[PDB]
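# here goes the first bit of my complex:
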Amino acid sequence: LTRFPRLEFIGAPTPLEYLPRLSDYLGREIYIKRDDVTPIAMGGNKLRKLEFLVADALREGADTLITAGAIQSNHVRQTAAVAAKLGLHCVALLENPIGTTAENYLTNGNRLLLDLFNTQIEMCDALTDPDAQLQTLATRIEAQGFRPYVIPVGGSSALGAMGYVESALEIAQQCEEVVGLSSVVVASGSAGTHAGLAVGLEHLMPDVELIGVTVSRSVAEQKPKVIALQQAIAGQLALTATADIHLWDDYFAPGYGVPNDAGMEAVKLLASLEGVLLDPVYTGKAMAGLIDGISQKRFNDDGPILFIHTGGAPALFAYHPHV
């Protein structure tokens, strides 16, 4: 487990809850891991990552955090908050990945908060090669008088994903004597969350089937990225990881950041039926998957399914009327 300094951003373990109404409607035991409920600026999965990341950034004596992502990036929002909380500067590199002109995407939702957090924001046409474009930026800042720290896209680095390894610890304990868990669903993006789970859950709950719903890439393009982190995480944790990574690509429809009916139906469903807010870019699509999953008997057995609510809610106000 430990030798990696983590910061305390989350406090108590996030609640795990049963979703009786949804369960009864779908005809399956469904549980929810509430990682959206977090003290820091509306919270999210990204924070568990930043707990290790920023801890490290401080060891480096950095006075600035740099990172990149979509305009409505949950990661940037959380990063920028943590920054402000701690007194670090935050430079953010953003791309408009869907090529929209809609006011609310451009200024509202997450993006709006970044301004409140006094984030230094730079635009670019695309993040064709992030790690390089970030390093380009870092060094320019390194020059301007700032001692940075670079956080990868989505905070998905070997170290970052440590958050979700530790997450599995909570998850298994919470389920001890309390639930006979069969499957776990989580959105698979920048990969670190999925990966961290896969390492932790191989070692803590080896019988549990772990499904990732791709939000951007196909199984083809995604699987390698996940496996890479799995191995690296396992490497640094001094463990071995032999678990197969599972992924379903059918649910991200037009592509990253574009909303599908299938996913949007899942948002309306969970809000109306359970009073929980998903989001149109990540959790909604993941949930749409979970739903169609039961529909097509895709999971290993009939038993309990745990959905990892990774947050993202604020995006709702950004996506508001459309496009």
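Noted; the coordinates are in hand. Numbers count the residues shown, from 1 in each chain, chains lettered A, B, ... in the order given.
# could you point out which element follows the helix or strand where residue A:84 lies?
Assigned by DSSP states H and E, residue A:84 belongs to helix A:74-86. As assigned by DSSP H and E, the chain's next helix or strand after helix A:74-86 is strand A:89-95.
# which other residues reach the helix or strand that that next one is followed by?
Per DSSP H and E, strand A:89-95 leads on to helix A:103-107 as the next helix or strand towards the C-terminus. With contacts defined as C-beta atoms under 8 Å, 6 or more residues apart in numbering, helix A:103-107 is touched by A:71, A:72, A:96, A:98, A:100, A:111, A:317, A:318, A:319, A:320, A:321, A:323. C-beta here means a position set from N, CA and C on the backbone, and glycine is covered the same way.
# now render those residues as TSV, adding neighbour count.
Output for the contacts of helix A:103-107, formatted as TSV (neighbours: other C-beta atoms under 10 Å):
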residue	neighbour count
A:71	24
A:72	30
A:96	17
A:98	19
A:100	16
A:111	24
A:317	13
A:318	23
A:319	23
A:320	13
A:321	8
A:323	12
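# now residue A:120: phi and psi?
Taking degrees, to the nearest 10, you get phi -80, psi 120 for the backbone angles of residue A:120.
# now stretch A:315-323: how far from the chain's centre is it?
Centre-to-centre, stretch A:315-323 and its host chain are 19 Å apart (C-alpha atoms, centre = their mean, to the nearest Å).
# circling back to that earlier point, just the CA atoms of the helix holding residue A:84, as PDB, please.
In PDB, the C-alpha atoms belonging to helix A:74-86 read as follows (Å, rounded to 0.1, in the frame of the first residue of the first chain):
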ATOM      1  CA  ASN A  74     -14.100  18.300 -14.500                       C
ATOM      2  CA  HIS A  75     -10.400  17.700 -13.900                       C
ATOM      3  CA  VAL A  76      -9.400  21.300 -14.600                       C
ATOM      4  CA  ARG A  77     -12.200  22.600 -12.300                       C
ATOM      5  CA  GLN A  78     -11.100  20.400  -9.400                       C
ATOM      6  CA  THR A  79      -7.400  21.100 -10.000                       C
ATOM      7  CA  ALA A  80      -8.100  24.900 -10.100                       C
ATOM      8  CA  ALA A  81     -10.000  24.700  -6.800                       C
ATOM      9  CA  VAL A  82      -7.400  22.700  -5.000                       C
ATOM     10  CA  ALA A  83      -4.900  25.200  -6.300                       C
ATOM     11  CA  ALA A  84      -6.800  28.200  -4.900                       C
ATOM     12  CA  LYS A  85      -7.500  26.400  -1.600                       C
ATOM     13  CA  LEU A  86      -3.800  25.700  -1.200                       C
END
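# which elements pack onto that helix?
Contacts defined by 3 or more C-beta pairs under 8 Å, 6 or more residues apart in numbering; DSSP states H and E place helix A:74-86 against helix A:45-59, strand A:64-70, strand A:89-95, helix A:109-116.
# picking up where we left off before, for residue A:234, state which of the contacts of helix A:103-107 is nearest.
If you rank these by distance to residue A:234 using C-beta to C-beta, residue A:72 comes first, at 32.0 Å.
# for that closest one, give me phi and psi.
Per-residue torsions, residue A:72: phi -90, psi 40 (degrees, to the nearest 10).
# I figured it hits residue A:113, correct?
No: using C-beta atoms under 8 Å, residue A:72 makes no contact with residue A:113, being 10.3 Å away.
# can you name the residues that contact residue A:41?
Applying C-beta under 8 Å, 6+ apart, the residues contacting residue A:41 are A:77, A:78, A:81, A:113, A:117.
# quick check: it is in a strand.
No: secondary structure of residue A:41 (DSSP: H, G, I helix; E, B strand; the rest coil): coil, not part of a strand.
# distance check, it against residue A:159.
22 Å (C-beta to C-beta, to the nearest Å).
# where along chain A do the strands fall?
Counting by DSSP state E, the segments of chain A that form strands are A:16-18, A:30-34, A:64-70, A:89-95, A:120-123, A:183-188, A:209-214, A:246-248, A:305-309.
# please slot chain B in as well:
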Amino acid sequence: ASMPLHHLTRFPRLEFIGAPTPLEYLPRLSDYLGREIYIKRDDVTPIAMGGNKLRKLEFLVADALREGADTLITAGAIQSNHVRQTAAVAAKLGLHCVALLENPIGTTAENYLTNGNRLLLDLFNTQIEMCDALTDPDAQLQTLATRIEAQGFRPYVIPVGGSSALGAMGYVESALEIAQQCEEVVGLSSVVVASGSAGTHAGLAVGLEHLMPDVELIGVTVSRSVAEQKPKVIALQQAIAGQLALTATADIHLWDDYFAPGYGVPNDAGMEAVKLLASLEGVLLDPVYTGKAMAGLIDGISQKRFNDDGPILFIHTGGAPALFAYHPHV
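This next block brings in chain B, placed alongside the chains you saw above:
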């Protein structure tokens, strides 16, 4: 010996909140303002983005269920935090939710009209009815209740902001957490909270008169003047104390200077507070309630308004979502 409350447990409460919300020190802000400042994070709540209104609903909806109601009715501004939370609890529990909304600032700005809280209401499948003003809420709600009643349904009415004698029990019980958290940990001197539909302020004033009698409790009005507000708070204090089998003699304190043009209109002073807390501590306040309250807390220190120099606890009552509603302006 958190005891004089004891009698304070004949009211069935639902469990929406779980663990006690975190109380935190605000080191950067403190150091900046030159005062020990603590924050009670009642915005951190599992239910649909959370808020103070939920601690109220914990008693209110519990009661609604005892009545066997299958519908909750309530009213407020378009961007009402209370309606959002009410409608959520509704959907979670499987009750219908009818909401009576007014546009209280007379704006035409898209984002106020459709975004922020109002947006979520649609996701929660809230039955929504518009009116020109809530000139007399209790009556306009009952008018609505009985029309629903006679379509063959079972409706429970929740006052504006959930501020009834019962509702405010949530914040009586909140006082318990607060004092328990500060035990040996902080020598608390003042508490600041927004004072609106009154229940939250009131509940605190009873609980804190009995649990921390030395603590000065300040309410920053967000809609009315000291003149018009004080009676409404005193009424709830007494009704609450009545039903809790206690006596309440504590003076209620109120500062009206900070709501500027009126309820739901943002002032510079208040927004300055939003930017300050976001940038300096990474906490999000809101432009209708918490911001203004905070603006008050700040100007308070500025004018030596509090009794002494000591620690101030700020009650973060939530409201954040309103930010995306108020977005570019008006």
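# now with chain B: what packs on helix A:74-86?
Secondary-structure packing of helix A:74-86 (3 or more C-beta pairs under 8 Å, 6 or more residues apart in numbering or on different chains; DSSP states H and E): helix A:45-59, strand A:64-70, strand A:89-95, helix A:109-116, helix B:268-281.
# who wins for proximity to residue A:202 among these?
Comparison of the helices and strands packed on helix A:74-86 against residue A:202 by C-beta to C-beta identifies helix A:45-59 as nearest, at 18.2 Å.
# next, count neighbours for residue A:244.
Applying other C-beta atoms under 10 Å in any protein chain shown, we find 10 residues neighbouring residue A:244.
# now do residue A:196
Residue A:196 has 29 neighbouring residues, counting by other C-beta under 10 Å.
# that one touches residue A:158, doesn't it?
No: between residue A:196 and residue A:158 there is no contact under C-beta under 8 Å: 9.7 Å.
# what do the two both touch?
Residues touching both residue A:196 and residue A:158 by C-beta atoms under 8 Å, 6 or more residues apart in numbering or on different chains: A:229, A:233.
# ok, back up a step: save the helices and strands packed on helix A:74-86 as CSV, and put in distance to residue A:6 too.
Formatted as CSV, these follow (distance: least, C-beta to C-beta, whole Å):
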stretch, distance to residue A:6
helix A:45-59, 5
strand A:64-70, 16
strand A:89-95, 20
helix A:109-116, 24
helix B:268-281, 21
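# now the helix holding residue A:84: how far from the chain's centre is it?
That offset, for helix A:74-86, works out to 14 Å (C-alpha atoms, centre = their mean).
# show me what from the stretch 51-200 of chain A comes close to chain B.
Residues of the stretch 51-200 of chain A lying close to chain B by C-beta under 8 Å from any C-beta of the partner chain are A:81-87, A:103-104, A:107-109, A:112-113, A:116-118.
# in PyMOL, select just the buried ones from those.
A single PyMOL command selects the buried members of these (16 or more other C-beta atoms under 10 Å in any protein chain shown):
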select buried, chain A and resi 81+82+83+84+85+86+104+108+109+112+113+116+117+118
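# give the contact list for residue A:7.
Neighbouring residues of residue A:7 by C-beta under 8 Å, 6+ apart: A:50, A:51, A:52, A:54, A:55, A:58.
# excluding its backbone neighbours, what's nearest the residue nearest the centre of chain A?
Taking C-alpha atoms, centre = their mean, the centroid of chain A lies closest to residue A:45, which sits 4.6 Å from it. Closest residue to residue A:45 apart from its sequence neighbours, by C-beta to C-beta, 6 or more residues apart in numbering or on different chains: residue A:310 at 3.8 Å.
# who touches stretch A:128-139?
Here stretch A:128-139 makes contact (C-beta under 8 Å, 6+ apart) with A:66, A:67, A:68, A:91, A:93, A:122, A:124, A:127, A:148, A:150, A:152, A:153.
# out of the residues you listed, who's the most crowded?
So for the contacts of stretch A:128-139 (other C-beta under 10 Å), the most neighbours sit at residue A:67, 30 neighbours.
# wait, isn't that one in contact with residue A:77?
No: with contacts counted by C-beta under 8 Å, residue A:67 stays clear of residue A:77, the gap being 10.5 Å.
# what is in contact with these two at once?
Common neighbours of residue A:67 and residue A:77, counting by C-beta under 8 Å, 6+ apart, are absent.
# which residues touch residue A:252?
Residue A:252 sits next to A:213, A:214, A:215, A:216, A:217, A:260, A:285 when contact means C-beta under 8 Å, 6+ apart.
# how about the contacts made by the spatially closest residue to the second one that is not a sequence neighbour?
Spatial nearest neighbour of residue A:214, chain neighbours left out: residue A:249 (4.6 Å); criterion: C-beta to C-beta, 6+ apart. Applying C-beta under 8 Å, 6+ apart, one finds that residue A:249 lies in contact with A:214, A:217, A:218, A:219, A:220, A:222.
# and the residues you listed, which is closest to chain B?
If you rank the contacts of residue A:249 by distance to chain B using C-beta to the nearest C-beta, residue A:214 comes first, at 24.6 Å.
# how near is that closest one to residue A:265?
18 Å.
# more neighbours, the two?
Neighbour count, other C-beta under 10 Å: between residue A:214 and residue A:265, residue A:214 has more, with 27 against 14.
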